[PDB]
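Okay, so here's just one chain, in structure tokens, the form deposited in one PDB entry.
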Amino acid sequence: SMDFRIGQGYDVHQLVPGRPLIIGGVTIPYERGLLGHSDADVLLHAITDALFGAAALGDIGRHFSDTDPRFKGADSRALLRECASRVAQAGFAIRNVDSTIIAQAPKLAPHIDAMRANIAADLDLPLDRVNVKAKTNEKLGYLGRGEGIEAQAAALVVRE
């Protein structure tokens, strides 16, 4: 009941024209979107990595081919749910998730609660155990220039 473990995750994707902008499962109106083989949901990927890492199950690349042509455009919420299923199968219950999105644009405040609800649904958690934070990079670097979006995540689990 006290075999706790922590995990941490990081991800970044380029912002490009002609792609949907999907963050935290939310399709956000914007002239650009994130580039990747999947739907490129940088927030869900970072959380997925934190969960695999807390369970010592490797990482998102190990579990989900980023090159399989059948999976082009994959829904990263389906990947997050399969991650959670494998973490559970390994014997772990999720206690909480925290995360940060770093972007110059668009404004993410109107979308954060929806992201939180998506993640909570996918992890079978109440809202009070999931947190999504959003901020800019204060004009510095490629994030300041709006060339990509970063996400960070932390997860606490317990082996039952």
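Rigid core here is just the name for the largest C-alpha set that superposes within 1.5 Å across the two forms. Note that residue numbering follows the sequence shown and begins at 1.
Not pictured, yet referred to below: the form deposited in another entry.
Residue shifts between the shown form and the other one, rigid core superposed: of 59, 124, 113, 68, the only C-alpha displaced by 2 Å or more belongs to 68. Distance between the C-alpha atoms of residue 32 and residue 74: longer in the other form than here (change of 3 Å or more). Cα-Cα spacing of residue 69 to residue 37 is enlarged in the other form versus the present form (difference of at least 3 Å).
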